[PDB]
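Chain by chain, the residues:
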Amino acid sequence: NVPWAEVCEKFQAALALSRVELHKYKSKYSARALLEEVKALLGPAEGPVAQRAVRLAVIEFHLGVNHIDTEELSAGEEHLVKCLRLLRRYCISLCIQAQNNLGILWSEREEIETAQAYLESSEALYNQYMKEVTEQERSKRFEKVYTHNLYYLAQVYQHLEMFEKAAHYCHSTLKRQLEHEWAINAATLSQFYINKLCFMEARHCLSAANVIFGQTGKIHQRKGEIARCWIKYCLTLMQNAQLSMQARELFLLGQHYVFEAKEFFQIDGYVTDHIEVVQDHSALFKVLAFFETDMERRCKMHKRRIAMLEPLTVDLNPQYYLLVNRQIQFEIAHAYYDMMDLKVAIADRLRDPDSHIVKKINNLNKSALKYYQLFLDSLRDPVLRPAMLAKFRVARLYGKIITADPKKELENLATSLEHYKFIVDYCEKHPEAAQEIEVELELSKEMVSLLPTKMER
Amino acid sequence: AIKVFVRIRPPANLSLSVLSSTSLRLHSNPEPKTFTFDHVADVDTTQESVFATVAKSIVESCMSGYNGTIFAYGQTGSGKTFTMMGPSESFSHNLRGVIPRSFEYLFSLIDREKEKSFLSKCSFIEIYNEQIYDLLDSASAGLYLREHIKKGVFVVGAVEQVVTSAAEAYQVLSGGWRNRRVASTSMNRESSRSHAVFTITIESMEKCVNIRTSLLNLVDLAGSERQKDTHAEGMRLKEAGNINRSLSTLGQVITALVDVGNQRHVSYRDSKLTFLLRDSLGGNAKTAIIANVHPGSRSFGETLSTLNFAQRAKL
Ligand SMILES: Nc1ncnc2c1ncn2[C@@H]1O[C@H](COP(=O)(O)OP(=O)(O)O)[C@@H](O)[C@H]1O
Ligand SMILES: [Mg+2]
């Protein structure tokens, strides 16, 4: 049998080459050749000495890393399940190393049912290890393999659906890593919380990301990461507005956060981050309907937001810009829709026919129909349900807003009627609101076939 | 719609039988299974037949201004280098690749179409260890990608050259491929490891104004090795005895892929390679796909994963 000095120099040569062949034409082939040379050197052809048992365990681990170097683990799978069978017949760490290689081999089997069953038995072994029956008192390497098998059970959890289970256990992995670049892990935890509805541990991990960036530890990609932290701050404010719609200090902290956001957004470029800028700024300037005069002030403020967006995006124009600006002019169209509602409110509650007032509101109306005509150029006249909503909106804009000479209203309702006919022979599918514009088109066809014959003469 | 055009390198335990050019029969070990595609090129088809039918039809339709997305792709031993670059420089028409044939065909279309004007843009890039390299200058290394407000996505450090004719394109392409030979002596050990992208972007003026753009990619991605290619409906399993800091960073970003929701904003912080490709897949152009492939006896399971990737391209 192999004595102590010989097995130590065999261990040293094996680990030395297996960890020097990864730093960096056929070096890994000769590396596999020398590892199978060590496999020939072992001589494959309490009770007894248990040092031979821990030796056979660690060289079967070396056989497993040899087989994953070959990526032909089948005979390695059979020899490793024989080794873990004879180890299951009988302990401190041989069981946990066998469990790591066992999870690795059934992971490389690449079938979800048997891998997940062997991984639930792995969870049984993990809690049987965590019942509490060198580098630092036999705890440090145990800690790093605890990170190893916790991340691999997170991997088998995300192989299934298991959303809350993988989220709770990935929380456990990041908290175990935080026992002794992590803001993006807290970002994904809070993004899971955005996909869910509970939002207290979301705020707790925002504060955790803030304190681990304030205490990062120093003897970079952070700009976009804290940018997404601003994004999820205003998404938490969006969720608050959702639960309050479908107080003042929330808007104040949102304003301070979006100003600091704006600063760290315009610092770091960029192309698509400005799409995120107009997205969340239009969100926080659209949903915050709580007053009248400051409502007009924030409407003028988001008109200023799109006005500083505009004069370099007109030069931009990808086809990708046609897509994303179709969504942006869709948002600006909804902004002009509830600003039209605000206009009829302030026309009911204030003397509208003053000259600068009617000039400003027909300027906004002609800008709204100009952007609607731009949406018409988005369809090549020479997935579609927002286009039906835009058809509803251009039909209402063709119906109501005209204060000029009553001659374009009939041809405008005729164009919306033939567009409605085009939809009902192009899709034959139910709309969401266009039955209201159907009966509205019927009654407006009746009234503009009746009344201009009496008022235009 | 997606037109998948697909070339197969002659394997000479193929286990493949071909009933027609559209459909292949793949005998497998559990059970055989038939795979149908739009266009599958076989052993017996020539370089000129694929060039003429596939490449000439798609390059003609590309001349209208749509970016038909021609690309070479494959695993190790896929047959890309022979058909596009050629094995060595030793003017030999069949042995030199389809790329100068595309050059002479495009400049034939240019001078028979020529009534700023029709403008050529060509660029060679290779990506090793997630770093941009240009073969024109050795100093050109680690240059950063940027999508400009032109709609032209480009490498910031790179400088393009205009080319008047296919002979100067052969001189520049042979100089870049010779820099690939010298680069094979350099830190670019394997073509499997690097991501070598030659792109051809062809500009046109209407008459003098409006700009028409076609893209011709020569991509040399990861090969048959099993470390990369970010998403897989096979092994979504990061496999490695490494430091769980980096393993957990990838575990985080795949956990974000869990945290989509039940309207995919396609990821751009994933990889710069797929951003330089995300201008193409899901782009606003015709979805013309020239793709090179090779089925393999040895990694039969991974070539089943590539055939499933071809069905994923079909859907
Ligand atoms: N269509 C083909 N006909 C004959 N031999 C080919 C063909 N395609 C590739 N080969 C040969 O196969 C080998 C590997 O091809 P290569 O293009 O280098 O694959 P890859 O580019 O994926 O490494 C080369 O020696 C090449 O000459
Ligand atoms: Mg190659």
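Definitions and cut-offs
- Residues numbered from 1 in each chain as written, not as in the entry; some residues may be left out.
- Chains lettered and ligands numbered in written order.
- Heavy atoms only, no water.
- Near = heavy atom within 4 Å.
- Polar contact = N/O pair within 3.5 Å; in protein donor to acceptor, adjacent residues only side chain to side chain.
- Areas by Shrake-Rupley, 256 points an atom, 1.4 Å probe, with all protein chains shown as cover.
- Helix = DSSP H or I, 4+ residues; strand = E, 2+ residues; numbered from the N terminus.
- Nonpolar A, V, L, I, M, F, W, Y, C, P; charged D, E, K, R; others polar.
- Contact = heavy atoms within 4.5 Å.
- Buried area = accessible area lost by both parts, 1.4 Å probe.
- Salt bridge = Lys/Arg side-chain N within 4 Å of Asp/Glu carboxyl O.
- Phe/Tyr/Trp six-rings, centres within 6.5 Å; stacked < 30°, edge-to-face > 60°.
- Buried < 20%, exposed > 50% of the residue type's maximum accessible area, 1.4 Å probe, protein only.
- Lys NZ or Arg CZ within 6 Å of the ring centre and 35° of its normal.
- Pairing = 2+ DSSP bridges.
- Axes fitted to C-alpha atoms, helices over the stretch in contact; angles between N-to-C directions.
- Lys, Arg positive; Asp, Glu negative; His and termini not counted.
- UniProt positions renumbered as here; feature names shortened; annotations may be inferred.

- Deposited coordinates in this entry are attributed by the record to cryo-EM, at a stated resolution of 6.9 Å.

## Description of the site of ligand 1
Residues and elements named next belong to chain B.
Turning to step 1, where the next piece is worked out: All residues in the neighbourhood of ligand 1 are listed as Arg9, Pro10, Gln47, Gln75, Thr76, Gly77, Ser78, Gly79, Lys80, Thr81 and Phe82.
Turning to step 2, where the next piece is worked out: At 3.0 Å from an oxygen atom of ligand 1 is found a main-chain nitrogen or oxygen belonging to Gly79.
Turning to step 3, where the next piece is worked out: Within the backbone of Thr81, an N or O atom sits 2.6 Å from an oxygen atom of ligand 1.
Turning to step 4, where the next piece is worked out: Its free accessible area being 550 Å², ligand 1 has 64% of it covered by the protein chains.
Turning to step 5, where the next piece is worked out: Take the shell around ligand 1: its biggest share by element is three residues, from helix α2 (residues 80–85).
Turning to step 6, where the next piece is worked out: Tallied by class, residues from the shell around ligand 1 come to two nonpolar, seven polar and two charged.

## A look at the interface of chain B and chain A
Turning to step 1, where the next piece is worked out: The interface is formed by 36 residues belonging to chain B together with 37 residues belonging to chain A.
Turning to step 2, where the next piece is worked out: Together chain B and chain A conceal approximately 3,300 Å² of surface at their shared face, both sides included; 47% is due to carbon and sulfur atoms.
Turning to step 3, where the next piece is worked out: The interface formed by chain B and chain A holds one salt bridge in total.
Turning to step 4, where the next piece is worked out: Put simply, chain B and chain A have nine residue pairs in polar contact between them.
Turning to step 5, where the next piece is worked out: Elements supplying a minimum of two residues to the side of chain B that touches chain A: β9 (145–147) and α5 (244–258) of chain B.
Turning to step 6, where the next piece is worked out: In terms of residue count, the dominant contributor to the side of chain B that touches chain A is α5 of chain B (nine residues).
Turning to step 7, where the next piece is worked out: For the side of chain B that touches chain A, the class distribution of residues is eleven nonpolar, eleven polar and 14 charged.

## So, the packing of aromatic side chains
Turning to step 1, where the next piece is worked out: The tally for this structure, following the rule as stated, stands at 18 aromatic pairs over all chains.
Turning to step 2, where the next piece is worked out: Here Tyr151 of chain A and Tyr152 of chain A contribute two aromatic rings whose centre-to-centre distance is 5.3 Å and whose plane-to-plane angle is 45°, an arrangement assigned as tilted.
Turning to step 3, where the next piece is worked out: On the basis of relative accessibility, which here comes to 7%, the residue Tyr151 of chain A falls in the buried class.
Turning to step 4, where the next piece is worked out: The class of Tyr152 of chain A is buried, set by a relative accessible area of 18%.
Turning to step 5, where the next piece is worked out: Their ring planes at 20° and their centres at 6.1 Å tell us that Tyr336 of chain A and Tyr371 of chain A sit as a pair that is stacked. Placement of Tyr336 of chain A in helix α15 (residues 319–348) and of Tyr371 of chain A in helix α16 (residues 355–378) is noted, with a sequence separation of 35 residues between them.
Turning to step 6, where the next piece is worked out: On the accessibility criterion, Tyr336 of chain A (12% relative accessible area) is buried.
Turning to step 7, where the next piece is worked out: Here the aromatic cluster, defined as three or more aromatic residues joined through ring pairs, consists of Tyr129, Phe142 and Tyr146 of chain A.
Turning to step 8, where the next piece is worked out: Just above the ring of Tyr336 of chain A sits the side chain of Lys303 of chain A; from NZ or CZ to the centre is 3.5 Å.
Turning to step 9, where the next piece is worked out: Above the ring of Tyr66 of chain B, the side-chain terminus of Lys286 of chain B is found at 5.1 Å from the ring centroid.

## Remarks on the sheet that holds strand β3 (residues 23–26) of chain B
Residues and elements named next belong to chain B.
Turning to step 1, where the next piece is worked out: Spatial strand order, β2-β3-β4: three strands in an open sheet with antiparallel pairing. Each of the sheet's edge strands pairs with one partner strand only, and the pair in question is β2 (16–18) and β4 (33–36). On average, adjacent strands in this sheet sit at an angle of 25° to one another, irrespective of strand direction.
Turning to step 2, where the next piece is worked out: Here four bridges tie β3 to β4, and the two strands are oriented antiparallel to one another. By the bridge assignment, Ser23 is partnered in β4 with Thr36.
Turning to step 3, where the next piece is worked out: Running at roughly 40° to β4, helix α7 (residues 300–314) makes contact with β3 and β4 of the sheet.

## Topic: the side chain of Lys391 of chain A
All names here are of chain A.
Turning to step 1, where the next piece is worked out: As for its position among the elements, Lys391 is in helix α17 (residues 385–400).
Turning to step 2, where the next piece is worked out: Although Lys391 is buried, it forms no salt bridge, and the closest oppositely charged side chain is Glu432 at an N-O distance of 9.6 Å.
Turning to step 3, where the next piece is worked out: The residues contacting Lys391, other than those within four sequence positions of it, are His419, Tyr420, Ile423 and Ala434.

## A word on the UniProt feature "binding site: ATP" in chain B
Residue and element names in this part refer to chain B.
Turning to step 1, where the next piece is worked out: Per the UniProt entry, the sites bearing "binding site: ATP" are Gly74, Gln75, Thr76, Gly77, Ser78, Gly79, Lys80 and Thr81 in this numbering.
Turning to step 2, where the next piece is worked out: Structurally, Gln75 is set in the loop between β6 (69–70) and α2.
Turning to step 3, where the next piece is worked out: Under the relative-accessibility criterion, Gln75 is labelled buried at 18%.
Turning to step 4, where the next piece is worked out: What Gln75 contacts, discounting residues up to four positions off in sequence, is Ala222, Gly223, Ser224 and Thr306.
Turning to step 5, where the next piece is worked out: At 3.3 Å, the side chain of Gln75 and the side chain of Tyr73 are in polar contact.
Turning to step 6, where the next piece is worked out: Along the chain, the position of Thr76 falls in the loop between β6 and α2.
Turning to step 7, where the next piece is worked out: The exposure class assigned to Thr76 is partly exposed, which follows from its relative accessible area of 42%.
Turning to step 8, where the next piece is worked out: Sequence-distant contacts of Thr76, that is, excluding residues within four places in its chain, are made with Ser192, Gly223, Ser224 and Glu225.

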